[PDB]
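Taking it in order: structure first as structure tokens, then the write-up.
Pasting the structure below:
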């Protein structure tokens, strides 16, 4: 769960 | 230990928190387990959405 890719900014 | 949200984030999955810009989050990889005293929830937040207090 911690190693998921970062989401884009708003 | 405590980080502040740089942007609003909305989550619909039970593992991740929703939070508002400026919310203080206590940190319990890319996603961090955090606790919100505002909502009482514990869940993951994306680390690129927060900055140190």
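Chains as they are written, first to last, in PDB author numbering: chain B, 3 to 12; chain A, 84 to 111, 116 to 140. Even for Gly, the Cβ is constructed at its ideal location relative to N, Cα and C.
Worksheet entry | Cα-Cα separation, residue 6 (chain B) to residue 134 (chain A) | The count along the first chain starts at 1 and reaches residue 6 (chain B) at position 4. The count along the second chain starts at 1 and reaches residue 134 (chain A) at position 47. Roughly 11 Å separates the two Cα atoms.
Discussion item. Let me see if you follow: with CB-CB separation under 8 Å, is residue 116 (chain A) close to chain B or not?
Written reply: Position 29 of the second chain holds residue 116 (chain A). It does: the Cβ of residue 116 (chain A) has a partner Cβ on chain B nearer than 8 Å.
Worksheet item: So with Cβ pairs under 8 Å, would you call residue 98 (chain A) a contact of chain B?
Response: Against the second chain, residue 98 (chain A) aligns to sequence position 15. For residue 98 (chain A), the answer is yes, since a Cβ of chain B falls inside 8 Å of its Cβ.
Worksheet item: Applying the criterion that 16 or more other CB atoms from any shown protein chain within 10 Å of the CB defines a buried residue, is residue 93 (chain A) buried or exposed?
Response: Residue 93 (chain A) sits at position 10 when you count from the first residue of the second chain. Residue 93 (chain A) should be labelled exposed.
Worksheet entry | Start-to-end residues for the beta strand (DSSP E) that takes in residue 95 (chain A) | Translated into positions along the second chain, residue 95 (chain A) becomes position 12. Here residue 95 (chain A) belongs to no beta strand (DSSP E), and DSSP marks it neither H nor E.
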